[PDB]
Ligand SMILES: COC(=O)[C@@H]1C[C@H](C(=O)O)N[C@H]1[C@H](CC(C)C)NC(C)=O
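One chain follows as structure tokens, the form solved without the ligand.
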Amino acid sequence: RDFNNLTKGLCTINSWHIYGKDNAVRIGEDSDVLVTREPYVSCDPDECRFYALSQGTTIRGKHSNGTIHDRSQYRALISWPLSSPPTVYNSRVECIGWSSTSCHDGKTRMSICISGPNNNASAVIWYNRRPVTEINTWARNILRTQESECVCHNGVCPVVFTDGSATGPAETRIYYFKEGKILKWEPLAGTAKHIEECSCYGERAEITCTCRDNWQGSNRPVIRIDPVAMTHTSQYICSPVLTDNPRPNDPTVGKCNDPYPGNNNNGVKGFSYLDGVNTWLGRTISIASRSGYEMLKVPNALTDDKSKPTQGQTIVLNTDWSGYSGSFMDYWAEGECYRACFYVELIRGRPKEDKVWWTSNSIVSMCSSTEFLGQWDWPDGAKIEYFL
């Protein structure tokens, strides 16, 4: 086993095919399914798995009462087989905490969990299923990371952390890890004004992250990382197709180097693939809530402040709940190119569905096709009434 290198480009995305779906909430109505949130997907050379933050209780368990809360001593990063539900019996604990990332470098998996109270959180970096490095809070205000997979290049796996305010300037850092050890770190540069929950992918020795500007921006900050030189910049998606939520209506001209205003102190984890004409953005259909999800082909979104969709695909109807979304690819597939993939978290329960005392989610996940495939919509599928 050698370290993986990002030596391919993206395949052409002409549409998106179904990849994985767990139906966790449907199934959890009558079986031992952990309450989760902040899910993602990550591949090993021999396996792709579902990841999420457990709440340390089953949906039907009485301890699910209160699981709207993000941070407790009862959370862990868990992983489980693709399209199975996160059950008590089939889930593997990666590490303990309430904020996480994980990736495989071609030889083994790095996993990072942050735990602790708001003013005294710490990150523990696991490599090869053993803790190797720890990082203490630097700003004493909820140290936090991506909540989706990191990408590695020749052993170097960059990871974006934020510590500080969610509603004002914070301190963001890029850690460059190898075999669990800190090669290097830098404070955020470029023109992104606030960074949270970066969704990352890698192609051609470059790692692109689309993040969440929780403070001011309804366009998304991007961080472009060079994992060999261990340097980066940042900016925003220029496109007027705004991809945060909530958000104002799409203008005609976006902003490249500043937050697009109209919505403050809020947002959602999201992602894009930024590849010239082969550029697709994800967003919730609603501008007001986390419902619906669509992919839009927006040629040159990153660099073109007037760019609009030339093609699209519904993933989740606007009458269905969505949530977080992020990027992963199977870097170990055979072929000339990396096939873009993504997941959408389908949040159920609180605060939108408050007849139940819990909040959980299921997952849907899709990869790109070079065909023009017909679309379906992919809702969670559970009847809340069944839990009353």
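Numbers for residues come from their place in the sequence shown, where the first is 1.
Heads up, the form deposited with the ligand bound isn't pictured, but that's what we're talking about next.
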| item | value |
| --- | --- |
| Whether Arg37, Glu147 and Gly267 all lie within 4.5 angstroms of the ligand in the bound PDB entry by heavy atom | yes |
| Heavy atom contact within 4.5 Å of the ligand in the bound PDB entry, the stretch among 127 to 135, 80 to 88, 191 to 199, 230 to 238 | 191 to 199 |
| Among the candidates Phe50, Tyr324, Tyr338, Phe328, the residue which, in the bound PDB entry, approaches the ligand to within 4.5 Å (heavy atoms) | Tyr324 |
| Contact residue in the bound PDB entry, chosen from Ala166, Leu183, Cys95, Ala139 - any heavy atom within 4.5 Å of the ligand | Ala166 |
| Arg220, heavy atom within 4.5 angstroms of the ligand in the bound PDB entry | no |
| Partner proximity in the bound PDB entry: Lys255 to the ligand, non-hydrogen atom cutoff 4.5 Å | no |
| The ligand contact in the bound PDB entry: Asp44, any heavy atom under 4.5 Å | no |
| Touches the ligand in the bound PDB entry: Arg75 (any heavy atom, 4.5 Å) | yes |
| Heavy atom contacts to the ligand in the bound PDB entry at 4.5 Å, residues of 69 to 85 in sequence order | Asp70, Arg71, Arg75 |
